[PDB]
Amino acid sequence: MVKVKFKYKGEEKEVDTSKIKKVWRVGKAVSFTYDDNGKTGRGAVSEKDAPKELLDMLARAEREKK
DNA sequence: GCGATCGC
DNA sequence: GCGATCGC
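1 is the number of the first residue of the first sequence in PDB author numbering; add one for each residue after it.
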């Protein structure tokens, strides 16, 4: 499958892109929210660390219209 | 500070 | 409403 590896307040997680909910660019980073077993988690990676799948999801988000 | 959110 | 949070 495709997991994104990231750090958040220490906890170095690696979430299934299928659990990613929203993705957006903040500066040169790719930020996102994800389903964290019911809660909404937050993560961000540098673009070089972002697997293509996440960048595909980002491009999809970037094409969204009103 | 940028986006966007959570968690308070 | 905003600090923390991520990368930078």
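In this text, a Cβ means the ideal position worked out from N, Cα and C, and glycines have one as well.
Asked: How would you label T17, buried or exposed, when you count the other beta carbons within 10 angstroms and need 16 or more for buried?; Found: buried
Asked: Report buried or exposed for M1, applying the criterion of at least 16 other Cβ atoms within 10 angstroms of its Cβ.; Found: exposed
Asked: Quick one: give me the first and last residue of the alpha helix (DSSP H) that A61 is part of.; Found: 52–63
Asked: Do the stretch 34–43 and the stretch 5–22 meet, that is, are 3 or more Cβ pairs less than 8 Å apart?; Found: yes
Asked: Might you give, ordered along the chain, the residues of its own chain that have their beta carbon closer than 6 Å to the beta carbon of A29, omitting 5 neighbours on each side?; Found: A44, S46
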